[PDB]
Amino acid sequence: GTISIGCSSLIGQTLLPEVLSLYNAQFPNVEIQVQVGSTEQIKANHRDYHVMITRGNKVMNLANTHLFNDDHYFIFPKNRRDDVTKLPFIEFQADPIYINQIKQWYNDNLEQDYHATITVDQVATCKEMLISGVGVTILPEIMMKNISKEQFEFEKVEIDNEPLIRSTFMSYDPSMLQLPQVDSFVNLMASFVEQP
């Protein structure tokens, strides 16, 4: 049959391709439909999906399985250079708690009032803006590949000596496990997220 997956952009570009490589190898007769959007659009449109994968909090009224947590890093140029409070900060607008945690960190760790010059609602765009030198930002660790360790310094973001983390959840209606292609997907994801 067909499986329909709804996910955020970050997930579509970092988690799902490796999952689906496995999934399609094991279950080659399943047709896969992936819809990628803003988290808000995804959750709003949950009736279009058998399974959703998103970051933040659990989705109410559904089963929610914790996939993993990600650390965060403040990223700025070595090359231009470490007088960092004069560079524009790119604020990824995750949700209000996150934004506030980041503002608090910036105020505690740097030497001026927080001010976002650029706001963006997709992490991958935030990363490319960093790479193109628009400004500095905070990225989740899973997005930190292909960032030049010779152009850029990375500082782990901790609040009250606790790492700033964000959770990824897979959410679905448990009734959907009656579809063999969905049960297969969910079982595969439970093994995928375990680490040796």
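One rule holds for the numbers: they count along the sequence shown, beginning at 1.
Annotation for 164 to 172 versus 144 to 152: the higher mean temperature factor (C-alpha) is found in 144 to 152. Stretches 66 to 74 and 153 to 161 differ in mean CA B factor, with 153 to 161 having the higher one. Per the PDB entry, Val84 shows the highest C-alpha temperature factor of the residues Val84, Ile97, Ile118, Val123. Sorting the modelled residues of the chain by their CA temperature factor places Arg55 in the lowest third. In the deposited entry, the Cα temperature factor of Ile131 sits in the middle third of values across the chain's modelled residues.
Among the modelled residues of its chain, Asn29 has a C-alpha B-factor that falls in the middle third according to the deposited record. Ranked against the other modelled residues of its chain, the C-alpha B-factor of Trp105 as given in the entry falls in the middle third. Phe92: CA B factor in the lowest third of modelled residues in this chain (values from the PDB entry).
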